[PDB]
Amino acid sequence: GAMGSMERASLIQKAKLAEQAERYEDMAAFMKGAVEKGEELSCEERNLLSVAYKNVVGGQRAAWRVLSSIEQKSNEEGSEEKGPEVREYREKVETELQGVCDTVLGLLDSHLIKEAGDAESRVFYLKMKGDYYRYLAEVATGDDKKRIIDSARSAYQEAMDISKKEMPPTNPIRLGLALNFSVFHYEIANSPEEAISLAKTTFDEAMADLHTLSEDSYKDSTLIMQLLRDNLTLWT
Amino acid sequence: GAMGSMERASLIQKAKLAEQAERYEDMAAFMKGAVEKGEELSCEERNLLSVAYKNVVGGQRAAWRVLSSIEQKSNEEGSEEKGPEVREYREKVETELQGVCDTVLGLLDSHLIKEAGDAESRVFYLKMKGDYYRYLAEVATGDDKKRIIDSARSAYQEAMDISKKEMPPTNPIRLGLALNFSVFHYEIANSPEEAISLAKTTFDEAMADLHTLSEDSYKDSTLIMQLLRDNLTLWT
Amino acid sequence: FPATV
Amino acid sequence: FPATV
Ligand SMILES: C=CC(C)(C)OC[C@H]1O[C@H](O[C@@H]2C3=C([C@H](C)COC(C)=O)C[C@H](O)[C@]3(C)/C=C3/[C@@H](COC)CC[C@H]3[C@@H](C)[C@H]2O)[C@H](O)[C@@H](O)[C@@H]1O
Ligand SMILES: C=CC(C)(C)OC[C@H]1O[C@H](O[C@@H]2C3=C([C@H](C)COC(C)=O)C[C@H](O)[C@]3(C)/C=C3/[C@@H](COC)CC[C@H]3[C@@H](C)[C@H]2O)[C@H](O)[C@@H](O)[C@@H]1O
Ligand SMILES: [Mg+2]
Ligand SMILES: [Mg+2]
Ligand SMILES: [Mg+2]
Ligand SMILES: [Mg+2]
Ligand SMILES: [Mg+2]
Ligand SMILES: [Mg+2]
């Protein structure tokens, strides 16, 4: 690893600098280096890892969507043939996106998930595993799509089961997991009713637990509760 | 070159796709490939080249400024020692930025400037040469700063001399050159009076030539004239 | 697109 | 920062 010669603490420090500079590729590379030191990540460090890769793959997804839309228009009736270039460049972006997803899933499998015993960390990493399989599913077409979808579902489901047993309904990780699993149901798994049911049940049970939620998590949890409401408004 | 096997037309097509997807690193790499085919760039192609690298280096500059500010704070009285990491990461970004500037200056020198005979193209490339030496000057500290500044000035000045002889005062390239050379004077060369004089003279002479300017260039030229006014308002 | 976190 | 194009 190109980060093998750097101190773990220095990698964490530089990941925080990269975040301030909105250099998310660097941020992800520093956090990958930190993970590869072999020690568990703290709560704050987990958030650096997730934000870095969320932003890298988020930009790739946005670009992939632009290109896929151009490609689909280029394949409509009456559209002029322009050659292989749109497909080629969409494939280039897609392959880069898949590579980043594979990198994240590899970190989770080697060895973040296996060593995570506290509910917070275990749910956090399994949510990430579902997220990155979901991003693989967004671009999957061949004999692989159904297994990729199943892998996303399996990771989200294990996270869900742990979160409901070990976390209060207002826990931000629990809430964010439910938000994203509900989007998985709506956008990936062709299950809008399950998506709506999950979002509503999650929102309602969090509302009833707010009379105990922290001022620390309030803004995160209210943000996510509002995102659940936003999605329900989009869907109904 | 990794683009050596791709058709020139395909490189141009993909640069336009990359622009639509806001993938400016890819856009710059496609345009570098196109330049290296050895043919002159058209007017539209020159704009793709300049926008791609302007956006790549623009992001590097923004990140460099964030890090340099943290570094300067870390070197104030009463600031706690945190080790070499801020300097190291600022240097990393700086070296990447310098590399992109060197790449652009190399393209201009091999062989865009030498083959550009029409005023539009010659001024365009010399403006770019001044811009990328200016970005090198923004980060230069050692025995090199004065020569870098002089290289920027020399390129801007040759462009200026051609633009005043061969272009109307409202030509967008002429206007944008004057805008950027005025910023060079203010921010790089410690010559705020020259910066203000150039901006005002440029603005006033363009105002008096608008009764002939095109509807094609109007929005570009009025935009740039407004940017000249904006800078004058900042400076006076 | 719907919101995720 | 001042404006450039
Ligand atoms: C990169 C790190 C920096 C910028 C320092 O911290 C980012 C945020 O991390 C914490 O929020 C977390 C967090 C976010 C909050 C919802 C942001 O809520 C506000 C008001 O902004 C969005 C981020 O994607 C992150 C790290 C991710 C997740 C999901 C991760 O699933 C793998 C699960 C829910 C949520 C949890 C972990 C939130 O607890 C702080 O509580 C916030 O203050 C802070 O902004
Ligand atoms: C990437 C290419 C795409 C997006 C297709 O085109 C970008 C823009 O290129 C043209 O503008 C030019 C142009 C800009 C205009 C000022 C944008 O004015 C508006 C109303 O937006 C900003 C760009 O940095 C660019 C390419 C650069 C320059 C400087 C280049 O110095 C080396 C000199 C002045 C100016 C000239 C060349 C402008 O003529 C069109 O006239 C615009 O319509 C169009 O937006
Ligand atoms: Mg060590
Ligand atoms: Mg593919
Ligand atoms: Mg249920
Ligand atoms: Mg050919
Ligand atoms: Mg240096
Ligand atoms: Mg003069």
Side-chain angles (χ1 to χ4, degrees), chain A residues 1-6 8 10-37 41 44-67 89-90 92-108 112 128 131-132 135-136 138-139, chain B residues 2 18-19 21-30 32 52-68 70 85-101 103 135 139, chain C residues 4:
Chain A
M3 305 298 174
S5 62
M6 203 180 320
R8 188 189 190 279
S10 299
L11 288 162
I12 298 299
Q13 181 177 354
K14 291 182 183 175
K16 292 170 185 179
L17 294 174
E19 188 276 331
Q20 291 181 253
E22 293 171 65
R23 291 273 295 201
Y24 293 108
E25 179 180 287
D26 290 347
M27 193 188 179
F30 292 139
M31 290 307 310
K32 176 170 186 290
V35 168
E36 286 170 348
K37 298 300 176 184
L41 300 191
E44 174 182 17
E45 293 166 350
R46 292 191 290 272
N47 290 345
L48 297 168
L49 177 68
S50 69
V51 166
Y53 281 109
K54 173 180 194 298
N55 273 274
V56 170
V57 186
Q60 296 172 318
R61 287 164 75 212
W64 186 93
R65 288 171 182 175
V66 166
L67 299 173
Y89 185 45
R90 189 266 301 156
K92 179 191 176 157
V93 173
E94 181 175 303
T95 297
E96 184 188 302
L97 179 158
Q98 289 167 328
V100 178
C101 292
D102 287 348
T103 289
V104 174
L105 292 167
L107 290 171
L108 294 166
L112 290 170
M128 288 187 63
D131 290 338
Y132 287 90
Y135 304 150
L136 289 174
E138 289 179 331
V139 306
Chain B
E19 188 276 331
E22 293 171 65
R23 291 273 295 201
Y24 293 108
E25 179 180 287
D26 290 347
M27 193 188 179
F30 292 139
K32 176 170 186 290
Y53 281 109
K54 173 180 194 298
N55 273 274
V56 170
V57 186
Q60 296 172 318
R61 287 164 75 212
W64 186 93
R65 288 171 182 175
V66 166
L67 299 173
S68 176
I70 295 167
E85 291 88 354
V86 169
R87 174 186 57 75
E88 282 168 0
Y89 185 45
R90 189 266 301 156
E91 280 174 6
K92 179 191 176 157
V93 173
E94 181 175 303
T95 297
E96 184 188 302
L97 179 158
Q98 289 167 328
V100 178
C101 292
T103 289
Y135 304 150
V139 306
Chain C
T4 56

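What you see below is based on every heavy atom in this structure, not just the backbone, and it leaves out hydrogens, waters and symmetry mates. Chain letters run A, B, ... following the sequence lines, proteins first and then strands; every chain starts at 1.
In terms of modelled atom types and a separation under 3.5 Å, the side chain of A/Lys32 and the main chain of A/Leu49 share no donor-acceptor contact. No donor-acceptor pair closer than 3.5 Å links the side chain of B/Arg90 to the backbone N or O of B/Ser68. At distances below 3.5 Å, not a single donor-acceptor pair connects side-chain atoms of A/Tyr53 with backbone N or O atoms of A/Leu48. Panel note: side chain A/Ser50, backbone A/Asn47; a donor-acceptor pair is recorded below 3.5 Å.
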- [ ] Could you walk me through whether A/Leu136 and A/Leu105 pass the side-chain contact (heavy atoms from CB on, under 4.5 Å) test, one step at a time?
- [x] CA-CA 11 Å; A/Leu136 289 174; A/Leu105 292 167; 3.7 Å; yes
TODO: Could you give me the CA-CA distance, side-chain angles and deciding distance for A/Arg61 and A/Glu138, then say whether side-chain contact (heavy atoms from CB on, under 4.5 Å) is met?
DONE: CA-CA 9 Å; A/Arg61 287 164 75 212; A/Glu138 289 179 331; 2.9 Å; yes
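The shortest distance between side-chain heavy atoms of A/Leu97 and A/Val57 falls below 4.5 Å. With a 4.5 Å cut-off on side-chain heavy atoms, B/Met27 and B/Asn55 do not count as touching. In this structure, the side chains of A/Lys37 and A/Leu11 come closer than 4.5 Å at one or more pairs of heavy atoms. When side chains are defined from C-beta on, A/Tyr132 does not count as touching A/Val100, because their heavy atoms never get closer than 4.5 Å. Taking 4.5 Å as the limit, some side-chain heavy atom of A/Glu36 sits within range of a side-chain heavy atom of A/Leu107. Looking at C/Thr4 and A/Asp131, their side chains never come closer than 4.5 Å, going by heavy atoms from C-beta outward.
One finds the OH atom of B/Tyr135 at 6.0 Å from the NZ atom of B/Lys54 (value rounded to the nearest 0.5 Å). Distance check, rounded to the nearest 0.5 Å: CZ of A/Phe30 to NZ of A/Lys14 gives 5.5 Å.
B/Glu91 has a carboxylate O that lies under 4.0 Å from a charged side-chain N of B/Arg87, or vice versa, which qualifies the two as a salt bridge. A/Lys16 and B/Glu85 are not joined by a salt bridge, as no carboxylate oxygen comes within less than 4.0 angstrom of a charged side-chain nitrogen.
Within a 6.0 Å sphere centred on CD of A/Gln98, heavy atoms belonging to other residues, nucleotides or ligands number more than 12. The environment of B/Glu88 atom CD is dense: over 12 non-hydrogen atoms of other residues, nucleotides or ligands sit within 6.0 angstrom.
Of the options A/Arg65, A/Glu96, A/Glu94, a side-chain hydrogen bond (donor to acceptor under 3.5 Å, both in side chains) to A/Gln60 is made by A/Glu96 and by none of the others.
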